[PDB]
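Enquirer: My questions will all concern the structure given below.
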Amino acid sequence: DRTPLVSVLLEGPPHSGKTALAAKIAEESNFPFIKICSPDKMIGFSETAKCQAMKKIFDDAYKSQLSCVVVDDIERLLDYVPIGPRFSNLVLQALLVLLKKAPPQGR
Amino acid sequence: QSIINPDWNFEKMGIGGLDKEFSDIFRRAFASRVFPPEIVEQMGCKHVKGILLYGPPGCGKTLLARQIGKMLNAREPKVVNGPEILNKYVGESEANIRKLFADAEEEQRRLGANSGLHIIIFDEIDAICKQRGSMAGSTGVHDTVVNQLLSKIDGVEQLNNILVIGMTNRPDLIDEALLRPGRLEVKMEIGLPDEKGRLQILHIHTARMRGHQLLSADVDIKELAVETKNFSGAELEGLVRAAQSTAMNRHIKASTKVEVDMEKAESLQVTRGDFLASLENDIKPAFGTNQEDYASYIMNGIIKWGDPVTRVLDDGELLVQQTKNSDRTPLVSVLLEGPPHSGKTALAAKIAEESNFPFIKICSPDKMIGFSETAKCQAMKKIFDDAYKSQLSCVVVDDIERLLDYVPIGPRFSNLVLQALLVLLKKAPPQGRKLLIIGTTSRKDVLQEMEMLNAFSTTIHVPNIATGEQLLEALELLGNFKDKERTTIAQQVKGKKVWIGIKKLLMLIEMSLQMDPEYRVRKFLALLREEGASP
Amino acid sequence: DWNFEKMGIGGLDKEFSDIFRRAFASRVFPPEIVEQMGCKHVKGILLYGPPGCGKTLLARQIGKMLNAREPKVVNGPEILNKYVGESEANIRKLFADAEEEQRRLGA
Amino acid sequence: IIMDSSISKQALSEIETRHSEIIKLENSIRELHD
Ligand SMILES: Nc1ncnc2c1ncn2[C@@H]1O[C@H](COP(=O)(O)OP(=O)(O)OP(=O)(O)O)[C@@H](O)[C@H]1O
Ligand SMILES: Nc1ncnc2c1ncn2[C@@H]1O[C@H](COP(=O)(O)OP(=O)(O)OP(=O)(O)O)[C@@H](O)[C@H]1O
Ligand SMILES: Nc1ncnc2c1ncn2[C@@H]1O[C@H](COP(=O)(O)OP(=O)(O)O)[C@@H](O)[C@H]1O
Ligand SMILES: [Mg+2]
Ligand SMILES: [Mg+2]
Ligand SMILES: [Mg+2]
Ligand SMILES: [Mg+2]
């Protein structure tokens, strides 16, 4: 109860099998509510649409007893390209505020 | 006798903490109408024939309607519901609206400059009198009704024995013509009870039970009145009914077939616990408060891990005492700085709580997820505007760098928010008021670059554990490792350097307490040494 | 005659008990104590939630519980009529028998 | 640049005796009864 929020990050070289080890960990927990937020369901969306989708998915998790959420391929959620560099700032700010927002009491 | 009756009453009737408004309205109206006519003719002035009441839902307007209907010695009041005069057949709406004023006009004709007054109460007046702009609808019943009423109230003919009291829940949806001078003047607002009207209301709604001795001696009215804040009369009555309901059901038993415990519920009393439970889980004020924020920002309390923790609180208390008792400086600001994961927001919240200022607020980024900069500026402006309506205030803006959307690649941020925050730190409040602003940040140098550090008045450091003895003291005060484990931990830390913040210490202890007893200390030491880093 | 088992609404126990406590409690106790306490009765209930957790079953069974007249149902927006000032009459035509009995008998 | 609009109609209290049968009332009062 001292720590009602925990986050972890999987890192490694590309083409190494990371998106298939987060799914297994999420599945083996047997939590009641499990959802995966991948960027292949948001093809062509502008910044605001992505922010709203992520916010809705995170709100769906505050109305349960305990849950797990997967954010796979971060580098593609907030568009990134080495030239420039260029990226979206709204998505980065939304993520950086959502990663430190404890849920309602006792969840 | 002119109009009023000898028994003013105003306490048996039921109307509660509305004294200044009633006295003021009796001053403005019902004064020229009660006086020797000769003096009035000597000045030669006419009366006022329009009053408008508005306020938040549940304040007592409708009750005032009936009580005024009883609290006069005139002929009789005619009360008509708002949207009941519209009729299907052509021309009947105007017939209904004009049918109301016949008696007053006839009597004025019979006795000009004499006779009593007729009072018409138009409940839900906003239903029929809408803006005459478009209405985008065939037929002009809505326009015709308003035009006819406007012609009747004021027109070529002059009527001086009629008064209209229009009560509305939202003045925004009212035609412009009526609010203009000459149609409806002296508009009052009925707000929420402050402290004494609240006690009067709770006494009015509880007199009966004490009359029959149904309230246990444990209950105290003053305690409940003080505890409940930002309530409206309807909320108070609902709370009383909820406590009553909690007891009524307490004395009953029904799982299979409804059954009352007669001869077991013959004696019934209401205890303070019933009131507390009802107030906690049954009735919640509509205006809202900041209980969740206060209980959520200080999650694990505040402990004393050394000297530094006391100094910051002492300086905050000094600043508060300064803002209380000075007239040359109506505005004061302070900045809290430190490395990340050091407990700055919690300390700011505690400092704000220690003072008993009537108005306190915390404006944090958590409420503005996905907002563009314009919305952020509007929200901050609204917060400060609302804070500009009291004799004392305290607004806490935490995590400044996350308000401007600062990222160190280029770098890039928002300009409108920066300028608005730079201007709102130097505007003094309206004369005879005070304000105290506290800020929380983690990157002092960046702010120093933008020329914002010189707008603040002072800065206070917030250090973290930097000595083995302090770490041992904090561990002891948390009470997790004891006896031999603490002995070995103290042995490993040879009074050397430990640059770790409090939040990280909590996280490390929790992560270390997950294995078997034999390996806990080793894991804790390994994590402390690896992440230990250097200053 | 009435038993909670016969209505077959298993799954919701705290909600039903709370509703029975807050509303159908002041109409069970002897009729003199309530008078002394000087308390009116609560008139109104609101139910909301996801699509299909049992909100219309509760309404139906509560309606069939009581030993009084049958309920009056208004299926969605069934009170709108073309002629000016007829929807108001339609709505006003619902609280008709209640007013008559209230004015005739009293308590 | 578009806005669809709905309309609401009202009936008329058609009266048989508001003209041409006030004359028929006279034909019933001043003539038939006379
Ligand atoms: N000053 C007061 N004295 C006594 N009771 C009060 C007072 N203020 C509020 N109440 C109680 O709360 C309610 C006040 O609302 P009321 O019945 O007057 O309707 P209203 O506020 O005009 O409603 P609406 O806002 O929809 O027009 C009443 O039930 C009354 O008992
Ligand atoms: N003496 C103390 N002072 C402050 N916090 C303490 C103290 N003792 C225990 N704590 C715990 O440490 C927490 C401090 O971290 P907090 O949640 O306020 O984040 P923070 O320091 O504002 O973080 P960041 O700067 O990264 O946003 C307090 O909420 C409380 O849970
Ligand atoms: N708590 C429940 N117990 C038993 N059946 C239920 C329950 N909730 C829903 N149902 C079933 O759902 C159907 C009715 O649901 P319905 O009242 O239409 O829900 P809603 O109106 O919220 O869509 C029936 O088949 C009923 O048996
Ligand atoms: Mg991948
Ligand atoms: Mg009212
Ligand atoms: Mg902080
Ligand atoms: Mg339904």
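Using Swiss-Prot numbers, chain B covers 206-740, in order.
If you check the header, you will see the structure was determined by electron microscopy, 3.6 Å.
A Cβ is built for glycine as well, from the same backbone N, Cα and C atoms used for every other residue.
Just lifted these from Swiss-Prot, have a look:
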- B:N505, B:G506, B:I507, B:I508, B:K509, B:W510, B:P545, B:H546, B:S547, B:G548, B:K549, B:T550, B:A551, B:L552: ATP binding site (BINDING)
- B:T550: Mg(2+) binding site (BINDING)
- B:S207: phosphoserine (MOD_RES)
- B:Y259: phosphotyrosine (MOD_RES)
- B:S569: phosphoserine (MOD_RES)
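So where do these features actually land, and what's packed around them?
Expert: If you take the C-beta of B:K509 (ATP binding site) and look for same-chain residues 6 or more apart in sequence within under 8 angstroms, you find B:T515, B:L682.
A helical conformation is recorded for B:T550 (Mg(2+) binding site) in the three-state DSSP classification. Around B:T550 (Mg(2+) binding site), the same-chain residues at least 6 positions away in sequence with a Cβ under 8 Å from its Cβ are B:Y502, B:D603, B:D604, B:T645.
According to its DSSP assignment, B:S207 (phosphoserine) is coil. Taking Cβ-Cβ distances under 8 Å and a sequence gap of 6 or more within the same chain, the neighbours of B:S207 (phosphoserine) are B:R238, B:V239.
Under 8 Å, Cβ to Cβ, and six or more positions away along its own chain, B:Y259 (phosphotyrosine) finds B:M372, B:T373, B:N374, B:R375, B:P376, B:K392, B:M393, B:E394, B:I395.
Note on B:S569 (phosphoserine): other Cβ atoms within 10 Å of its Cβ, all shown chains, come to 17.
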Enquirer: Sequence order please: the recorded positions B:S207, B:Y259, B:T550, B:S569 that have their Cβ under 8 Å from a chain A Cβ, otherwise just none.
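Expert: Near chain A, no listed recorded positions qualify.
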Enquirer: Tell me, if you would, which residue among B:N505, B:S547 (binding-site residues) has the fewest other CB atoms within 10 Å in the structure shown?
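Expert: So among B:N505, B:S547, the binding-site residues given, the one with the fewest Cβ atoms within 10 Å is B:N505.
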Enquirer: Would you please pick out, from the binding-site residues B:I507, B:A551, the one with the fewest other Cβ atoms within 10 Å of its Cβ?
Expert: B:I507
Enquirer: Same chain only, sequence gap of 6 or more: which residues have a CB within under 8 Å of the CB of B:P545 (ATP binding site)?
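Expert: Result: B:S647, B:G706.
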Enquirer: Could you list the residues of the same chain, at least six apart in sequence, whose Cβ is under 8 A from the Cβ of B:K549 (ATP binding site)?
Expert: B:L541, B:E542, B:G543, B:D603, B:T645, B:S647, B:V667
Enquirer: How big is the gap, in Å, between the Cα of B:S569 (phosphoserine) and that of B:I507 (ATP binding site), rounded to a whole number?
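Expert: With distance taken Cα to Cα, B:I507 (ATP binding site) is 21 Å from B:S569 (phosphoserine).
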Enquirer: Would you mind pulling the DSSP three-state label for B:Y259 (phosphotyrosine)?
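Expert: DSSP assigns B:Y259 (phosphotyrosine) to strand.
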